[PDB]
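Visitor: sequence, then the experimental structure. Questions to follow.
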Amino acid sequence: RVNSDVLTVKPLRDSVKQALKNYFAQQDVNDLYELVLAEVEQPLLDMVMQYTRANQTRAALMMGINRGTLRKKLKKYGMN
Amino acid sequence: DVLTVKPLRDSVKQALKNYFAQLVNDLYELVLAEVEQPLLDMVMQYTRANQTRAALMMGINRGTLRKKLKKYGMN
């Protein structure tokens, strides 16, 4: 069972699996979560800010997080 | 540069563009679910369902790994 099917590029999840499958094809790894998280959070923050015209309050409300959390993530990726 | 399909991030951007055209207050959780689930699937597949090895590869403790698995009903 999967949460939703509203993210397609077909489903986004399929793209994540292939990227991981391709990655595994090549070896110790110890930061795969952060690796994936950063690769997904950056584009998400970018698109949400574009959709909301950089209105941080609107962006956080759309994402379902508070203002401070959004700003923290934005800073992490030098997007502040 | 390590996660490609080309970079994975480009697929996330396109996915969101398509989604926005269909229009919300749970976008973060919604995307996290679509990303974490497959990640957990692939790592557990890679380690033959060995949670310790999976947790170590991901860089999270075993307790956190098990919490995520449960969150997504992957017990």
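Guide: Noted; the coordinates are in hand. Residues are numbered from 1 along each chain as shown, chains lettered A, B, ... in the order given.
Visitor: wait, what's in contact with the residue sitting furthest away from the middle of chain A?
Guide: Distance from the C-alpha centroid of chain A, by CA atoms, centre = their mean, peaks at residue A:27 (25.7 Å). For residue A:27, the contact set (CB atoms under 8 Å, 6 or more residues apart in numbering or on different chains) is empty. Quick note: C-beta positions are derived from backbone N, CA and C, even for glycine.
Visitor: quick one: contacts of the helix or strand where residue A:71 lies?
Guide: Using DSSP states H and E, the element containing residue A:71 is helix A:67-76. The contact list for helix A:67-76 (CB under 8 Å, 6+ apart) reads A:41, A:45, A:49, A:56-57, A:59-60, A:63, A:80.
Visitor: now do the same contact list for residue A:14.
Guide: By CB under 8 Å, 6+ apart, the residues touching residue A:14 are residue B:38.
Visitor: any idea how far the helix or strand harbouring it is from the chain center?
Guide: Taking DSSP H and E as the definition, residue A:14 sits inside helix A:12-24. Offset of helix A:12-24 from its chain centre (CA atoms, centre = their mean, to the nearest Å): 14 Å.
Visitor: quick one, it and helix B:27-46 angle?
Guide: Orientation check (axes from the mean of the first three to the mean of the last three CA atoms, to 10 degrees): helix A:12-24 against helix B:27-46 gives 40 degrees.
Visitor: what's downstream of helix A:12-24, the next helix or strand?
Guide: Downstream of helix A:12-24 (by DSSP H and E), the next one is helix A:32-51.
Visitor: which residues touch that next one?
Guide: If you take CB under 8 Å, 6+ apart as the criterion, helix A:32-51 is touched by A:16, A:20, A:56, A:59, A:62-63, A:70, A:73-74, A:77, A:79, B:2-3, B:7-10, B:12-13, B:16-17, B:20, B:27-28, B:31-32, B:35, B:39, B:43, B:57-60.
Visitor: okay, buried residues for that helix please.
Guide: Across helix A:32-51, burial judged by 16 or more other CB atoms under 10 Å in any protein chain shown covers A:32-33, A:35-37, A:39-49, A:51.
Visitor: for that helix, list the C-alpha coordinates in PDB.
Guide: Taking C-alpha atoms only, helix A:32-51 is exported to PDB below (Å, rounded to 0.1, in the frame of the first residue of the first chain):
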ATOM      1  CA  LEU A  32      21.700   7.200   2.500                       C
ATOM      2  CA  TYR A  33      18.800   8.800   4.400                       C
ATOM      3  CA  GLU A  34      20.300  12.300   4.400                       C
ATOM      4  CA  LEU A  35      21.500  11.800   0.900                       C
ATOM      5  CA  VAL A  36      18.000  11.100  -0.400                       C
ATOM      6  CA  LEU A  37      16.300  13.700   1.900                       C
ATOM      7  CA  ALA A  38      18.500  16.500   0.600                       C
ATOM      8  CA  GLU A  39      17.900  15.500  -3.000                       C
ATOM      9  CA  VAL A  40      14.200  15.700  -2.400                       C
ATOM     10  CA  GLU A  41      13.800  18.600   0.000                       C
ATOM     11  CA  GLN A  42      15.700  21.100  -2.200                       C
ATOM     12  CA  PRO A  43      13.500  20.800  -5.200                       C
ATOM     13  CA  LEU A  44      10.400  20.700  -3.000                       C
ATOM     14  CA  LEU A  45      11.300  24.000  -1.200                       C
ATOM     15  CA  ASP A  46      12.200  25.500  -4.600                       C
ATOM     16  CA  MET A  47       8.800  24.600  -6.300                       C
ATOM     17  CA  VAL A  48       6.700  25.500  -3.200                       C
ATOM     18  CA  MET A  49       8.400  29.000  -3.000                       C
ATOM     19  CA  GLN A  50       7.800  29.500  -6.700                       C
ATOM     20  CA  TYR A  51       4.200  28.500  -6.400                       C
END
